[PDB]
C-alpha cells in the first residue's frame, strides 16, 4: 500500500490502530513510574539526560510540568562544579536551558578554547562531548562567535572521527546529527527514529522505551483517523482533480502534524492541513492554470473577498477560487462554534497577502524580470505560505477575538520562520524564479556558489529566529514551537531535493513509519 493511494488513505478513518483498554492502563502505569523518575533525587547531569531522552522520544508532551521544574531547578543551582570543565555536561546544560527560554551565555565554552579562540584539540577522544557541543552550537544567536567556532570545530572532528567510533549506537547518533542537527529536526519524526535508536543504546531505560512506543501508537491512532477523514474530504470535493500532476496529500498532513502533533491540537492540525492543501491548489492556479490578467481578477476578487463578480474568471480558476473561499469560510464558522470568535477577517488579510505575493511572482515571471534578492525575499517569505498557515494555527489557539490582532503586522517570529522555509524550499528545487537566480543576477555568481551563499543566509536567519524565540512578550509556547516546527518541516521535506511535490520520494519512508505503521510491542 502506497501513501499516494487515496483509497487506502480514506480507509484509515475506520481501519486505524485500535488502542486496547490494557494499553490505556499500562500507559497510565508507566506514566507514573516515569513521574517518579523525575521527582527522585538524581545527579544534575543525570536529570538533564532524563529530560533529553524524554523530549527525543516524543514523550515530552506527557511531562511538561516535570521537565520545566527539572530544567528550572538546574537553572539556579549556583554550584557549577558538576559541569564546569565538562564538555558534554556544559553542552547539554546550555542546550536544554536555552531551548526552554532560559538564557545561558556563550561564555560557558571559553574554558574549552585556547587564547586564540581555538577549541582545544584534546576533546576528540570524548566524541559524545563533541556531539553535545555540536548540538548546542545550533542554539546560537547573531554575534555569538564562540558558538560558530564550536559548530565548525565539532563538524570537522565528528566527520573525521566517525569511522573510529567503536560504540555502534554513538556512530548512528553522530551520522544522524551530521545530516541534520537535532534543533532542525521535527520532534514527531525524530521521536520515531529515536525510539528505534534508544532501544539499542547503553543504559536505555526499558520503562521509558515501552512508554514511548505505547504513547506513539496511541497518538498515531489519532492521526490516522484525521488522515482518513482528510482523504475523504479531498476526493469528495473533487480537489483531487484541481491538483496538477500531484498525489501528495499525505505530505500536507505530515507538515501539519509536524507543526502540532499532540492530539489536543486537533483544530490547529486539521485547520492547517485543510488550508494548506487548498493553498497547494491556488499555488497550482497561479503557476499553471491562469494568465497574468486572469490572476489579477483572482487577486482582486480575494481582496474584496466576494464570490459575486467572479463570473469573469476562467472555469478552472472559478472552481479553485470557490474551493479556497468556501473552505476558509467553513473554517471561520467552525472556529466561531468552537472558540466563539470571528477569524474570517484575520483569514482574509492572510489570503490577500498570500495571493498578492503569488501575483508579484506571476508578473515577474510573465515580464521576464528577476528582482534583487532582498525584494524577492520579502515577498518570498509570504508566497511560501507559512504566514497564512502559521496564522491559521494561531487562530486555533488564540485566547480571544482581540488576540488575533497580534498577527497584523506580521510578527518577527512568523517573518523569520517563513523566510527560512522559503530559502530552504528554494535550495531543494532544480524556469521558475528563486532566491538562487536572484543572487546570481545581482553578483554574477554561479549557480553552485549562489546555492552555497543562500545556505549561509539560512544559517544566519536561524540565529535571528533563535534569539527571537526569547521575546515571549506577545507569543508563548506552544505557538513558538509551532513556528520552529514549520521550519523543521521544510528541512525534512527538502533534505535531498523535492520531497514535498514529488509523489514518490525518500519522504515516504518516514511518513509511513510516523503516520501509518504502528510500532510493535508484544
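Residue numbers count along the first chain shown, from 1.
The stretch of deposited sequence separating residue 236 from residue 237 contains no residues lacking coordinates in this entry.
Mean CA temperature factor is higher for 167 to 175 when stretches 167 to 175 and 414 to 422 are set side by side in the entry. Mean CA temperature factor is higher for 310 to 318 when stretches 130 to 138 and 310 to 318 are set side by side in the entry.
Residue set 449, 180, 161, 381: peak C-alpha B-factor at 161 (per PDB entry). The PDB entry gives the largest Cα B-factor of the residues 354, 251, 111, 323 to 111. When the modelled residues of the chain are ordered by their C-alpha B factor, residue 514 lands in the lowest third. Ranked against the other modelled residues of its chain, the C-alpha B-factor of residue 386 as given in the entry falls in the lowest third.
In the deposited entry, the Cα temperature factor of residue 220 sits in the bottom third of values across the chain's modelled residues. Sort the chain's modelled residues by C-alpha temperature factor and residue 285 lands in the middle third, per the entry. The PDB entry assigns residue 505 a C-alpha temperature factor belonging to the lowest third of its chain's modelled residues.
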